[PDB]
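Below is one structure, written out as structure tokens; comments come after it.
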Amino acid sequence: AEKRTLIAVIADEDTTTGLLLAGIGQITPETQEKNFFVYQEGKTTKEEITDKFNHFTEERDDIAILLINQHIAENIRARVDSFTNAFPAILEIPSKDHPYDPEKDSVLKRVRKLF
Amino acid sequence: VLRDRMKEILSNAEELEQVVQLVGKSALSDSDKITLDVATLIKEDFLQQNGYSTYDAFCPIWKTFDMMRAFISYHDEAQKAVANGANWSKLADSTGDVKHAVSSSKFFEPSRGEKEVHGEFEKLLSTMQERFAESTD
Amino acid sequence: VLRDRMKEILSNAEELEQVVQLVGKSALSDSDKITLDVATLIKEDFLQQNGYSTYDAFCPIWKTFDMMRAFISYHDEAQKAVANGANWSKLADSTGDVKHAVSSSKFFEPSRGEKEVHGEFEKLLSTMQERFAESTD
Amino acid sequence: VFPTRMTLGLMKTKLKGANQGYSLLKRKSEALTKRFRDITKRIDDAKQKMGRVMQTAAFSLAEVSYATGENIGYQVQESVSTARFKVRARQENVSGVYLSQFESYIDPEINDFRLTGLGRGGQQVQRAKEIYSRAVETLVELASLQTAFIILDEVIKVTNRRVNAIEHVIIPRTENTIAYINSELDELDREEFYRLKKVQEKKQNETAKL
Amino acid sequence: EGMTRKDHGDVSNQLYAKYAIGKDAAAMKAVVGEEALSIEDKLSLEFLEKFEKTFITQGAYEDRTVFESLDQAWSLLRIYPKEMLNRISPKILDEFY
Amino acid sequence: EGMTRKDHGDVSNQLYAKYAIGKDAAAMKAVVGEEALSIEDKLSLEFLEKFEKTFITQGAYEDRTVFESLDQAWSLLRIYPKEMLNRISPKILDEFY
Numbered sequence: 002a003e004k005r006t007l008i009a010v011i012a013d014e015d016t017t018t019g020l021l022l023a024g025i026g027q028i029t030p031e032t033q034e035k036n037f038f039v040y041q042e043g044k045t046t047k048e049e050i051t052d053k054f055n056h057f058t059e060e061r062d063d064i065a066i067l068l069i070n071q072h073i074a075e076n077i078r079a080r081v082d083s084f085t086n087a088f089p090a091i092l093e094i095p096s097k098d099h100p101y102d103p104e105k106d107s108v109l110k111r112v113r114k115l116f
Numbered sequence: 480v481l482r483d484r485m486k487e488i489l490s491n492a493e494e495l496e497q498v499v500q501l502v503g504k505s506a507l508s509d510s511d512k513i514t515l516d517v518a519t520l521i522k523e524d525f526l527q528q529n530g531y532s533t534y535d536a537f538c539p540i541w542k543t544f545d546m547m548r549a550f551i552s553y554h555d556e557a558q559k560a561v562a563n564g565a566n567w568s569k570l571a572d573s574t575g576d577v578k579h580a581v582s583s584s585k586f587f588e589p590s591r592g593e594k595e596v597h598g599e600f601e602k603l604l605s606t607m608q609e610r611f612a613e614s615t616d
Numbered sequence: 480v481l482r483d484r485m486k487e488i489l490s491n492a493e494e495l496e497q498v499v500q501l502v503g504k505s506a507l508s509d510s511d512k513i514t515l516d517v518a519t520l521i522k523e524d525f526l527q528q529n530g531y532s533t534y535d536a537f538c539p540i541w542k543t544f545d546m547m548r549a550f551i552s553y554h555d556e557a558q559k560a561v562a563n564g565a566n567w568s569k570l571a572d573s574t575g576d577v578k579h580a581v582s583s584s585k586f587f588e589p590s591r592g593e594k595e596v597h598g599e600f601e602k603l604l605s606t607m608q609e610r611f612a613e614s615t616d
Numbered sequence: 008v009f010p011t012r013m014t015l016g017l018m019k020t021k022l023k024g025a026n027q028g029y030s031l032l033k034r035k036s037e038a039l040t041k042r043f044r045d046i047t048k049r050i051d052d053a054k055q056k057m058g059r060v061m062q063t064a065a066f067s068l069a070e071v072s073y074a075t076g077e078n079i080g081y082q083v084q085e086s087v088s089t090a091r092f093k094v095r096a097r098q099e100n101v102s103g104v105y106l107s108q109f110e111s112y113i114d115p116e117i118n119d120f121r122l123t124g125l126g127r128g129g130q131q132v133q134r135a136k137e138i139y140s141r142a143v144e145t146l147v148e149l150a151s152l153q154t155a156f157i158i159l160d161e162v163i164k165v166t167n168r169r170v171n172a173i174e175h176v177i178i179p180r181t182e183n184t185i186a187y188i189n190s191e192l193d194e195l196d197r198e199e200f201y202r203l204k205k206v207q208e209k210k211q212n213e214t215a216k217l
Numbered sequence: 389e390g391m392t393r394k395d396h397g398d399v400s401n402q403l404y405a406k407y408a409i410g411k412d413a414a415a416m417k418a419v420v421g422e423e424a425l426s427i428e429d430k431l432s433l434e435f436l437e438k439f440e441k442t443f444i445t446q447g448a449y450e451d452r453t454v455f456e457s458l459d460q461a462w463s464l465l466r467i468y469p470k471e472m473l474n475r476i477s478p479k480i481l482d483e484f485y
Numbered sequence: 389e390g391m392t393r394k395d396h397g398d399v400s401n402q403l404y405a406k407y408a409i410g411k412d413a414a415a416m417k418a419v420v421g422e423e424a425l426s427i428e429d430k431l432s433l434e435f436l437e438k439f440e441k442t443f444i445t446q447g448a449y450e451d452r453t454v455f456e457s458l459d460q461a462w463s464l465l466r467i468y469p470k471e472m473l474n475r476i477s478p479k480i481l482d483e484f485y
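Protein chains in written order, with PDB author numbering: chain N, 2 to 116; chain E, 480 to 616; chain A, 480 to 616; chain M, 8 to 217; chain F, 389 to 485; chain D, 389 to 485.
Written out as structure tokens, the structure reads:
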């Protein structure tokens with residue numbers, strides 16, 4: 002229903018800055034927390050990506066679409082595969098310095114079973 | 480005229496009902512809901528009668544003509560409104576006040592005059608058209 | 480007290496089974512999974528009198544009662560556990576030994592502590608208690 | 008097991024129900040599979056389109072940051088406390104089932120951000136936002152299709168289950184019940200005729216002989 | 389009258405109508421699932437159970453006045469609006485709702 | 389012959405098959421909607437009502453031979469394209485569509 006209007010970001014630093022220029026994330030007024038997770042290569046933890054994914058998918062239900070870079074999604078693969086709902090939607094889009102690779106994409110794995 | 484149309488509503492309604500049970504519907508065309516809805520009314524006003532309540536089973540042949548006349552008219556406006564655009568939920572809700580009155584008009588029998596065509600029904604007809612306009616726009 | 484719960488379990492089992500068939504085991508709730516397992520166990524351990532070594536040995540009302548204490552106990556503690564958050568898989572694998580024991584209990588001759596309460600049945604009651612607790616937190 | 012009298016009336020309408028329902032479920036599956044093939048092809052395309060739109064924009068953002076001489080992304084995160092581009096949920100009927108769709112609307116909470124003033128280097132940052140606002144919008148409209156696609160996959164499974172269920176269980180259950188009751192019902196009727204006849208032969212004979 | 393009310397035949401009729409639907413709502417659940425079920429059918433399901441284990445379930449040394457029976461019946465029947473109830477005169481249903 | 393056409397057999401085939409698909413189309417429509425209905429179904433939806441209201445529906449003193457029946461057949465069929473009408477020889481069709 003119409004109660005979800007936020008876009009959360011899991012993306013690399015430069016990509017998250019861009020998305021934010023367009024304006025799609027924010028610091029919520031009901032919880033004081035971003036709707037974005039700023040990530041850097043080789044300088045942030047594998048655990049933190051996990052926490053963010055859960056938080057936006059299951060402990061937040063006001064996120065409409067969660068964008069996630071395939072490369073970052075890969076780190077936390079178990080958790081991406083395991084969220085199977087459509088509310089919120091989970092959408093892997095190609096990461097930075099990488100074109101479309103079908104082997105990192107959680108949704109395409111679901112589609113394989115049955116047609 | 481009405482008679483064929485009374486039969487026509489009840490017939491399509493029957494068929495639609497097996498399709499709701501069998502497939503276990505996830506949607507309906509906006510017209511078909513109207514057919515089902517108009518049939519429910521037929522059930523109350525004619526089919527539900529009690530032979531020891533004489534307020535709930537008595538009508539002269541003309542009174543019967545006027546009540547059925549009202550129904551067949553409601554179907555006729557409703558089919559046009561979807562066609563000109565308007566959602567079913569819009570159709571049902573905006574028609575509203577006259578829909579209650581026709582439902583509840585089965586609690587009447589001649590007692591406002593020795594007359595077999597009443598002001599009760601004649602008033603409803605003009606108000607029903609007025610309701611239709613609202614639904615459509 | 481045990482007879483009433485026992486009747487209920489079988490009565491629900493049949494109905495729940497019809498949903499597994501048609502819809503699949505994807506429409507179930509967790510407590511309903513529990514009712515399915517305990518039921519399968521009852522089917523085998525009382526109703527079957529077919530051997531696997533020896534045709535089954537004299538079981539009295541006293542023996543029969545102990546079996547009922549262990550099945551009914553399994554069901555209560557397990558449903559509490561799932562209600563209170565816990566894996567299905569954790570609970571079923573854990574009961575394990577206890578299930579093998581009740582199956583084969585009837586082949587063994589009556590009195591194994593007493594006719595009244597066997598040591599073999601007495602000990603399971605503790606095992607369930609120990610499991611319920613591990614599961615909960 | 009079942010009545011031996013007038014199971015035929017309820018059972019007859021079930022049987023017809025079943026074969027009629029089956030045919031119909033097949034058309035609903037055929038429609039669901041029909042759309043499914045099409046969206047799978049459209050979605051793979053849309054992944055590359057989004058990849059590119061993000062990448063070309065993303066690089067321009069990288070260039071703007073190194074050329075001016077400072078890292079902007081920190082300042083941008085601090086300024087933002089509303090989301091400009093938001094979405095409105097709507098249901099669109101595709102096949103029997105309603106899927107969820109998103110239509111973006113742009114709300115004027117914020118126009119740019121209050122951080123640009125970096126003299127000559129500041130024009131590079133202002134322009135960078137203009138290029139990105141347009142890129143994000145391509146992603147969002149494309150992103151809507153992704154949502155429906157996950158929704159279709161969940162529905163098809165319920166639908167494949169039903170088409171099997173009717174054929175395999177219901178239809179032979181109706182057949183066995185109707186025929187077995189039909190056969191018992193006719194038997195009661197036939198034996199009666201034989202019993203009436205048997206006593207009447209006794210009667211006829213007795214009358215006839217002197 | 390004076391230990392069986394006027395509303396007696398009215399209330400019976402209503403109690404059967406909600407029960408017919410409740411029985412059917414069980415049947416649609418078996419075959420398809422929650423696919424042809426809805427807010428109306430879901431109420432009816434609740435109705436079929438509450439009625440079965442409260443109205444019909446009594447003792448075998450319980451003496452129940454025709455006045456008692458009617459009082460209990462109305463209490464149970466609160467599950468749908470007044471406008472969904474039209475198997476009863478709108479006069480009677482206000483007094484005894 | 390001389391009181392039928394040889395085109396009689398070809399039209400009996402066409403008339404039959406489209407009326408059957410139309411019966412299927414009615415049921416389909418109700419589930420899918422009109423906002424998801426197939427373009428072939430729409431032609432079949434219309435065909436169902438015209439075959440009933442022209443070929444079947446007729447007056448209590450109307451009279452028909454095979455030629456008259458045959459003219460009315462082609463006006464129902466005209467609405468389908470030629471490539472959906474393929475149980476008919478290309479000869480007949482190019483003359484009566």
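Just so you know, even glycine gets a beta-carbon here, dropped at the ideal spot from N, CA and C.
Can you check whether the CB of residue j is closer than 8 Å to the CB of residue i?
| i | j | result |
| --- | --- | --- |
| M:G24 | E:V502 | no |
| E:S552 | E:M607 | yes |
| E:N529 | E:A518 | no |
| N:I66 | M:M61 | no |
| N:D13 | N:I73 | yes |
| E:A549 | E:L507 | no |
| M:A142 | M:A64 | yes |
| D:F484 | D:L464 | no |
| M:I178 | M:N26 | yes |
Which one or two residues does DSSP pair with residue i in a beta bridge?
| i | result |
| --- | --- |
| M:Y112 | M:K93 |
| M:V143 | Paired residue(s): none; M:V143 is not in a bridge. |
| N:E93 | N:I69 |
| N:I28 | N:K35 |
| M:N100 | M:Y105 |
| N:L7 | N:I64 |
| N:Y40 | N:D13 |
Is residue i close to chain C, meaning its C-beta is less than 8 Å from at least one C-beta of that chain?
| i | result |
| --- | --- |
| N:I11 | The structure shown has no chain C; the protein chains it does contain are N, E, A, M, F and D. |
What do you get for residue i, buried or exposed, if any count of 16 or more other CB atoms within 10 angstroms of its CB means buried?
| i | result |
| --- | --- |
| M:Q84 | buried |
| M:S111 | buried |
| D:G421 | buried |
| M:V94 | buried |
| A:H597 | buried |
| A:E556 | buried |
| N:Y101 | buried |
I'd like the list of long-range same chain contacts for residue i, defined as Cβ closer than 8 Å, with 5 residues on each side in sequence excluded.
| i | result |
| --- | --- |
| D:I480 | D395, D398 |
| A:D516 | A571 |
| E:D524 | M546, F550, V581, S582, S584, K585 |
Spatial neighbours of residue i within its chain, please: CB distance less than 7 Å, with the 5 preceding and 5 following residues excluded, ordered by chain position.
| i | result |
| --- | --- |
| M:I158 | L106, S107 |
| E:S614 | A560, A565, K569, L570, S573, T574 |
For the ligand NAD, any of its heavy atoms closer than 7 Å to the Cβ of residue i?
| i | result |
| --- | --- |
| N:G19 | With respect to the ligand NAD, the structure offers nothing, as it holds no ligand at all. |
In chain order, what residues of the same chain lie with their CB nearer than 6 Å to the CB of residue i, ignoring the 5 residues before and after it?
| i | result |
| --- | --- |
| M:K21 | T181 |
With 9 Å as the C-beta to C-beta threshold (strictly closer), list the residues of the segment 412-444 of chain F near chain A in chain order. From the segment 412-444 of chain F, only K417, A418, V419, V420, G421, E422 have a Cβ closer than 9 Å to chain A.
Looking at chain F, which residues of the segment 496-507 of chain A have a Cβ within less than 8 Å of any of its Cβ atoms? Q497, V498, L501, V502, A506
Contact list for the segment 80-101 of chain N against chain M, Cβ threshold 7 Å: For the segment 80-101 of chain N, the residues whose beta carbon sits under 7 Å from a beta carbon of chain M are, in order, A87, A90, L92, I94, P95, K97, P100, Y101.
Of the residues that make up the segment 26-44 of chain M, which ones have a beta carbon closer than 7 Å to any beta carbon in chain F? none
Listed from N- to C-terminal order along the chain, which residues in the segment 138-165 of chain M have their beta-carbon within a distance smaller than 9 Å of any beta-carbon of chain F? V165
Using a beta-carbon distance cut-off of less than 7 Å, what residues from the segment 509-523 of chain E approach chain D? The residues in question are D511.
Residues of the segment 70-87 of chain M with Cβ closer than 7 Å to any Cβ of chain N, in chain order: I79, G80, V83, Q84, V87
Using a Cβ cut-off of 7 Å, which residues of the segment 172-205 of chain M contact any Cβ in chain A, in chain order? Within the segment 172-205 of chain M, the residues whose Cβ lies closer than 7 Å to any Cβ of chain A are, in chain order, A172, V176.
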